[PDB]
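Undergrad: This one is an experimental structure. Sequence first:
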Amino acid sequence: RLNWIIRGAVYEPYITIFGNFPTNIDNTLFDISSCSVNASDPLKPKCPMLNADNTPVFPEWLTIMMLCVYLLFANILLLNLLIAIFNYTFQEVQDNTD
């Protein structure tokens, strides 16, 4: 859908990147969309995949592995920004404190 694409693409991942713990990696086919024929404002995420009684055609272990890798590199770049601020603050404090 038009709004569902910008919801899932941009409105979703930053909250996951902030690190507040989601339950979104837990369940598949839990009927939160209930399917691709929704066209409903509550029924947003549009039934990720169809298979024999389970949602994923390829399972959630890749989805949590890629999630952990994503969190790892995001914290890498965040600590890079931390050292980027620390270098200027220390170059300020490397001058004579008296």
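TA: Now that the structure is in, tell me what you want to look at. Residues are numbered from 1 along each chain as shown.
Undergrad: what about residue 90, how many neighbours?
TA: Per other C-beta atoms under 10 Å, the neighbour tally for residue 90 reads 11. Any C-beta I mention is one placed from the backbone N, CA and C, and that applies to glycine too.
Undergrad: same question, residue 14
TA: 9.
Undergrad: secondary structure class for it?
TA: helix (DSSP: H, G, I helix; E, B strand; the rest coil).
Undergrad: what's the spacing between it and residue 70?
TA: As judged by C-beta to C-beta, to the nearest Å, residue 14 and residue 70 stand 12 Å apart.
Undergrad: Residue 3 now?
TA: 24 Å.
Undergrad: between the two, who's got more neighbours?
TA: Legend: neighbour count by other C-beta under 10 Å for residue 3 and residue 70, higher for residue 70 (13 against 10).
Undergrad: right, and that one touches residue 17 too?
TA: Yes. The pair residue 70 / residue 17 is scored as a contact, 7.5 Å apart, by C-beta atoms under 8 Å.
Undergrad: from the chain's centre, how far out does stretch 80-94 sit?
TA: 29 Å (C-alpha atoms, centre = their mean, to the nearest Å).
Undergrad: got the buried residues for stretch 68-76?
TA: For stretch 68-76, the neighbour count (16 or more other C-beta atoms under 10 Å) marks residue 74 as buried.
Undergrad: got it, and stretch 14-25?
TA: residue 16.
Undergrad: Can you get me the start-to-end distance on it?
TA: Length of stretch 14-25, first residue to last, C-alpha to C-alpha, to the nearest Å: 15 Å.
Undergrad: let's number from 16 now, not from 1
TA: All right, first residue 16 from here; so that's stretch 29-40.
Undergrad: Show me the contact partners of it.
TA: The contact list for stretch 29-40, computed with C-beta atoms under 8 Å, 6 or more residues apart in numbering, reads 75, 78-79, 82, 85-86, 89.
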